[PDB]
4 protein chains.
Amino acid sequence: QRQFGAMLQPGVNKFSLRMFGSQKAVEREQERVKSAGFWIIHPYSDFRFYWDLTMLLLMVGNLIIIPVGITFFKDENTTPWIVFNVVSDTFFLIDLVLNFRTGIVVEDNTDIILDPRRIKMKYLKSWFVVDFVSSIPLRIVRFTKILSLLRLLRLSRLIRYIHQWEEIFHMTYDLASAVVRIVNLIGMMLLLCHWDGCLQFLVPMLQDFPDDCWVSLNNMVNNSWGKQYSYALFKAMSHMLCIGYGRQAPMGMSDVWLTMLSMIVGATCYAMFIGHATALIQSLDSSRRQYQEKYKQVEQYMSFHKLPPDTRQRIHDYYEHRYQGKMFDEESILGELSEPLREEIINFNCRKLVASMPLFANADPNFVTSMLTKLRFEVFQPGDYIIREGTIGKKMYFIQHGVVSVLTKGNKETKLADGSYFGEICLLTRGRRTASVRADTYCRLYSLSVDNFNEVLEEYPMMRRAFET
Amino acid sequence: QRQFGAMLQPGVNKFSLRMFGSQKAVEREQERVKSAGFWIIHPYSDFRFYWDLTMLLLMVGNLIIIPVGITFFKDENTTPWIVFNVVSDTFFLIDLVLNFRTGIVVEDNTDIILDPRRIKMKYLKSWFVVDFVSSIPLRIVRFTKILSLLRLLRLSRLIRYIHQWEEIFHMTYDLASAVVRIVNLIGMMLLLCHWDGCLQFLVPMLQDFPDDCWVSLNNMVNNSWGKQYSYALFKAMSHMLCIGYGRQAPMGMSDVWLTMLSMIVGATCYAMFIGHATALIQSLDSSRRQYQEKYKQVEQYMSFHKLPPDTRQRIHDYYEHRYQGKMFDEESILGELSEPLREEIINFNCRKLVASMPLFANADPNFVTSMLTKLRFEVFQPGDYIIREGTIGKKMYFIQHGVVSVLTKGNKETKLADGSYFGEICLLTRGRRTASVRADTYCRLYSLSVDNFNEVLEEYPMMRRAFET
Amino acid sequence: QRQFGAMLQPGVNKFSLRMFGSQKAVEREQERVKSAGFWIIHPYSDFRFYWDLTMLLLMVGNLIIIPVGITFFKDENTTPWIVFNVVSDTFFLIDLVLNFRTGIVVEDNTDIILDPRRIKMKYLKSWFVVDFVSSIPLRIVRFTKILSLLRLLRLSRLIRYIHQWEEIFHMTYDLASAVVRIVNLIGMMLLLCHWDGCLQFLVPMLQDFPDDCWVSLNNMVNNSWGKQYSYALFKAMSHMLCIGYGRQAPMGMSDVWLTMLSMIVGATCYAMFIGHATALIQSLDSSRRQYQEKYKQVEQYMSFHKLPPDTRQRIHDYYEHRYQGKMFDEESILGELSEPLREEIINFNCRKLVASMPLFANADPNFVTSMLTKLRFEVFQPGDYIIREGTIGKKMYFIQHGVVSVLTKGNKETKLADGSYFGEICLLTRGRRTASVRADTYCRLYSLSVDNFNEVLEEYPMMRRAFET
Amino acid sequence: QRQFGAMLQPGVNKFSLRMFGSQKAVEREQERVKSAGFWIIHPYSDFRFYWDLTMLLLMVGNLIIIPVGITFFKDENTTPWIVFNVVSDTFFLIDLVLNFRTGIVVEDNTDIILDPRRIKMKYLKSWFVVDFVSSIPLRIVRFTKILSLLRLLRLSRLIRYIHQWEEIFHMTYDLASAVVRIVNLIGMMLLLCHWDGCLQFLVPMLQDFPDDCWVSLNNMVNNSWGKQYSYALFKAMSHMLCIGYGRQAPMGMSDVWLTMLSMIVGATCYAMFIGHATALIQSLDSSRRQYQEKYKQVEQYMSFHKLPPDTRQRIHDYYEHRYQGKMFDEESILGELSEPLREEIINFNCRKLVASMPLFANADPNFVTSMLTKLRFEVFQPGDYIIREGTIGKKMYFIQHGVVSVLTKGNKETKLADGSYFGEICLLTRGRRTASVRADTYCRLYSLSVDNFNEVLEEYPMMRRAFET
């Protein structure tokens, strides 16, 4: 009660700011959960996180410790074992009454913390039967046996909790988290091998070590419980990895049928793990694969029409100088974003260089921020004539990179670079072009067509009337 | 004839309601099949289903029982065998005359049950030659041998029936049916191993057990027919799983060539099964993989233009708060649906909150149900200015979730939440905005633009005339 | 010269009609090739086909026969061998002068047969150097050795010819041709195993059988050339399939390094074959996989908005009753076809039922064949109100299947089926609907909207003027 | 200083012309780097390339030589070893001061060479800590040990340099570079096997060869360092390839745990390499796979509507005569190109045949070069009526290939081929067509619709006014 209540709120500094955005919303959420019910626990809290971590580190320890103690220890020595059982049972029993006061995430953004009445109404018909049935520690003797067998369904519980924490933590991978995921799956396969090896030692022990089993043939009848277990894990690992039998082929019928069961189960589990890990690795470089497919389609197109190899080389260069080996499309990406995001990106890219035009300075910021929505991004190669003489002028350009040489008859050479705006005369009248610019380097330009500018100027009458004046 | 005729109709309570929709159509279909022909059987019936199940459980039993009796039983004891043969032959013969009176599914919705004349006209040139040829029980002696060999083509028959029932049952998978499909394929591979093991015992038996074969080397010459068969299945399973030879490498030429045939066939069959099962598992989470690819393309786009890490973090959050880790698109989905479905979904999402606007109450339901077709669904983040001062008003918003704080100069703070409609003034006149709202939580809004509302109001003149008045 | 000239033309009855379309074009092509040059051979002929088949069946026989005769026959007995060599050499030499008079397929439709001058101009700088260099049968002695080694580059020649015939034969697979392709690749892998096994017998023979090799350990020193070769193929097959060593692990350094080379090469070749065969099998059911992905996206969409389970069940049924478990899109398919194809398909689907409208009979066929371009195909479920009272009429419908019950106040029930056109009154005036039809079965309808009909009637003034009158 | 300064510039004749385009830009870039800083080195130079190649060929030699000298040489004979160490250390130390004067590629096109101040500002917080820490040659003794261990992090350095050179060299694959990539990955896996085999000899050597290890069992205790190493590589290769244990199963606990570690690591590494190589091979024929999927969707569409087999055969032919077995789309490809590229391709395809029209000769080149943007490419089959009598004329055609027979009532037969323009009369007036042409071969036509021509003629008033006159 001293420091305990403060751990009930969503206090994660890094996790909750990522999930809620603003600290005012985080403080507000804590106040709402505190003021709402009798005394409730939030599922974005530090306390729920450490409690779930303790439950996972208990269940993994049970899954390791149980099948070694079933078959390997000749002397039961129940005392320490029964103490271990009771601690796990009281942890599940403390948890059973804890999972009735926690908010349930109906949606990722906001969850409901109204009262335990709603929470129990979902929790009952959601999982209460299997959780309570596994949670408790000749009909009565049969129930004792059934209760022992039923408590095995707890495993499923960890699966739900892992999946909840994993998804709310990390859902779009990078290289490092993919490596962590692969190491987790290799640990799970090793756990399956551990259970399998204990079973393959257990079954010849229940028949009291006949002469056909592998324990009697290998002279490992009486030896240290570490050596027997290690050899059993080896045999189960070799059946999984399909590198062979442990030492000799099965010679008794119990060993033959156990080996066939272990072979089928282990080989199917391994070769279905590795396909998942291969898809997990190959899902990192998806953009480069999309670029290669697009280039293959372009290559087929050039082969269909029999272009000369000069044109094909130019097309190959142009693509390598635009997508840069990775495929994307700004159009759909800027159409999927909301309005302040698409405002900020367009503003950051083009605001500084578009404010340098002296016709753009004194205008209202609404006018220029509506003009910012019509800029097209283009790439020109060395030697391409952007403008040619006698052509009707239709769009203007702003340099974003590169150098551009202007060719005039009188003035024999003129250079522009570092973001230079040209072809500006086409915005105020219609007629033939008077010069011709040529790219000298791979120049990225931002284009503004006259049709789009005309529509914007029509939309703001005061701007258009000022232009008339 | 007592209860028999009622089983001829499509009486499945769960299956036929799924297939036909309305019970009036189910009763009508049964009446039509009953009244149409002489005496016909429907292929959506209970009777056809149990008959096909009995045929499958007979053919699987034949496929298991035949190659054990060919090679393993030293004493033929034909009597019980010949009785078993005759029961299978009369089942195929009862079936041969049954498959002339069943409706044929030309299409999934409705099938034709007009007369046996049409059914025989398809059935003859469709499968009657192979079905009748397998269906019957020195030229005459050669025919006896050919008839024995030909009856083997019946296997194909089960393939057609399984495929028909499987497809008309379940065609879009979940996790559980995928697990059932994988267990079925493992059973088929085990069947192939069973045939292979019986063959590998049969071929050294026909040469009367020479000293080079594996039966004579392993001292399994005279032993129980269970031990020999089990070891043979083991050897065939080890050749399939490629974990090694059964015990020692082949030492005779018959064993060498049999082992090479079994190796090639088994390894190709296994490694072509496992690729199918991997694709079957990976086809469950397709939406999450589509989301990861879209995010990778977005990441490449942010790297191409060198945005600051603040903007990149906002873009990462915005996507995690919109698609929720799974990729979809409402546009094409609502364009692929028919008219009452797309009516019902739009009505359920927006009808309750759009009826709260006091301008929407007294209007005709045609007007509001045509207004319901222009609502766009948007997501705004904490801190994003939805409206800013001095901006021309162009769309209104209805809260579907979250809180929104209105900022006014005089009234220092105003809150809206639980589905609150604001920016309503822009529908009735054009001019600068007078306040500025700011999101406080991740708010889902439904937007209605003035252009769409203007088009609707033009379409209903009486509504527009009422607005004028 | 008697029957010989007639085999020079493209005489394939099945292949050339598939490739050229019309028999007049086939006769014309033969006349053009006959009349064009001195005396030329067409590469769509029967003669070129049988000649290429003979060349392939010679080169495969050489690839099998050579490495058995290099290492297995103790007595060279050159005589028959040298005769075999000379027949293969004169076949390549007859072919060298034959590949100067055959037309070259610059494009699949029409090839050039103008003169040998153009053909030699491509053939020289295309492949003449490697073909002629492999085609011929101390510097002179070194050349004899180099000529022996160079003639090995002929293998490549078969690769070009196989690829040409395979592609011009079959390029879009079915199940059977996929099975043929897989059997071909298994034959190629068996060929590689054959060469590998002969090498693994050759290398311990060149050292004159030391005590560490597998031939001396297994006591196969002097034995029949069939037994040695069979065991060598077995060892190479076990190294490829990775099922183990042939019998014992390598004990000499020559065997160790040979086994490591054979292991790496064989395992990489096998596991790169099987991925190709898995992709080849999985490329048959692509439409069903596209349907499953679309359904998964739809399921995510229904989960995002929390619809009741009634609506979700209706959406699940509607999709299963429209795409029928396989995904396609008529739009892009009918936009990719040329004009007589898209004319024929639309005409076959809708001409018979659209001619039954008595307003459509007496009109010009241009008018109705332009009306045929505006029909939309829809599917309605049991219980969906197609029309409701008081709604403004906007489109008419033609039944293509199913029954539809019309509900009127006076006339209590009216049925339509077998292709019945209703809602026809909306084409001639605007106003509220007067009845309401309801689907009783899963009915496929063809819809015609008033906007499209109005545009067509405007396009034909005489039709529109007749309607006015 | 004599020839040394000239190697500092981007002097690659083949690489730098590919990267910069024009030789004037290459000369200009060299002048800019020379004139800019104190004395700097460009990362597109010959010198940087040879220096990085020398560094890679040193680090690979270190990775091979180190773990043979750790465990295999009984006599240390430090002298030559310590000399080898010092040469590698002084190479890393010469490099440490060299990587402070090289330009850093912020973008692929142009990099910054302004001053070492910016370069050090990126290089410090980018990699200077790990590079300098690995670059140098009881706390002091512990540091000596830590320095030995830390210098192992240099490996990473080669990974960055390889990735930079690989990407700036080759990014879209062909067959040959894919084969080179696969051979590189097999070399990397062999390197891992080399380290693994040295470890499996090292661990039984540190325990001074007990009787359970494989070295003592196989009698390889004292033998040549080539035989021991070769057998160790064999055992590591067999654990990777999962073909079995080297000779006998592990019999001591050290061997058992080493074999389990080596099994898991090697099998996971191999089966994750082979999936990458399979995806790398299958990414070459992507266009043919896209064509097969499109054809499967078309086949489903023909099966949904029950067309006769004549129509299906025509659809199958038409597709095989248009995409030619490989899938592409000109639309998006010509929409992704910049303006001079899309000018050049359209001009090369259609300029020569469109200039033959005598109405197109005397016009201004702007008019025809704007007409060139409206040509649609179509394919017609034998027997398809392109025009039929009594139909309103709407588009004209230019032959690009094939023969076309014109049918007239008076003139009984008229042929056109070799690029013949017909239907020209529809451009100057509206009315019924007067003849009907029929394709005789698979003819590729270029179509020009009247609507597009009318829009162009409206755009150029002088052309339209001339047509009026």
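Chain D uses Swiss-Prot numbers throughout; the residues present, in order, are 216-352, 375-706.
Header entry for method reads electron microscopy, 3.6 Å.
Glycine is treated like the rest: Cβ placed from N, Cα and C.
Taking all protein chains in view, 20 other C-beta atoms sit within 10 angstroms of the C-beta of D:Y560 (3',5'-cyclic GMP binding site). Here Swiss-Prot flags D:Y560, D:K563, D:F565, D:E567 as 3',5'-cyclic GMP binding site.
According to Swiss-Prot, the feature intramembrane segment maps to D:450-478, an assignment based on experimental evidence.
The annotation topological domain 'Extracellular' is assigned in Swiss-Prot to D:289-292 (among others) on the grounds of a curator's inference.
Summarising the annotation, Swiss-Prot assigns topological domain 'Cytoplasmic' to D:317-329 and lists a curator's inference as the type of evidence. Tertiary neighbourhood of the topological domain 'Cytoplasmic' (D:317-329): same-chain residues 247-248, 251-252, 255-258, 263, 337-338, 401, 405, selected by CB-CB distance under 8 Å and a gap of 6+ residues from either end.
As annotated by Swiss-Prot, topological domain 'Extracellular' applies to D:445-449 (among others), with the evidence given as a curator's inference.
What Swiss-Prot lists as topological domain 'Extracellular' is D:479-488 (among others).
The annotation transmembrane segment is assigned in Swiss-Prot to D:260-288 (among others) on the grounds of experimental evidence.
The transmembrane segment annotation in Swiss-Prot covers D:293-316 (among others) and rests on experimental evidence.
As annotated by Swiss-Prot, transmembrane segment applies to D:330-352 (among others), with the evidence given as experimental evidence.
Residues annotated as transmembrane segment in Swiss-Prot: D:375-410 (among others).
The annotation transmembrane segment is assigned in Swiss-Prot to D:414-444 (among others).
Residues or ranges marked as transmembrane segment in Swiss-Prot (evidence: experimental evidence): D:489-521 (among others).
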Once you note that 22 residues are missing between D:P352 and D:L375, how far is one Cα from the other in Å? 19
Cβ neighbour count within 10 Å, max among the binding-site residues D:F565, D:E567, goes to D:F565
Does D:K563 (3',5'-cyclic GMP binding site) have same-chain partners at least 6 apart in sequence with Cβ under 8 Å from its own Cβ, and which are they? D:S524, D:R525, D:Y528
What same-chain residues lie close to the transmembrane segment (D:489-521): Cβ under 8 Å, and 6 or more beyond its ends? 410-412, 415, 418-419, 422, 426, 429-430, 433, 436-437, 440-441, 444, 447, 449-451, 473, 476-479, 482
Count up the helix, strand and coil residues in the topological domain 'Extracellular' (D:445-449) according to DSSP, in that order. 0 helix, 0 strand, 5 coil
Mapped onto three states, the DSSP assignment of D:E567 (3',5'-cyclic GMP binding site) reads helix
Below 8 angstroms Cβ to Cβ, which residues of this chain, lying six or more residues outside the transmembrane segment (D:293-316), approach it? 254-256, 266, 269-270, 273, 277, 280, 284, 331, 334-335, 338, 346-347, 349-352, 391
Could you check what DSSP calls D:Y560 (3',5'-cyclic GMP binding site) once collapsed to helix, strand or coil? coil
Which sequence-distant residues neighbour the topological domain 'Extracellular' (D:479-488)? Criterion: at least 6 residues beyond either end, Cβ under 8 Å. 449, 451, 454-455, 468, 471-472, 495-496, 500, 503-504, 507
Just give the helix, strand and coil counts over the topological domain 'Cytoplasmic' (D:317-329), going by DSSP. 0 helix, 3 strand, 10 coil
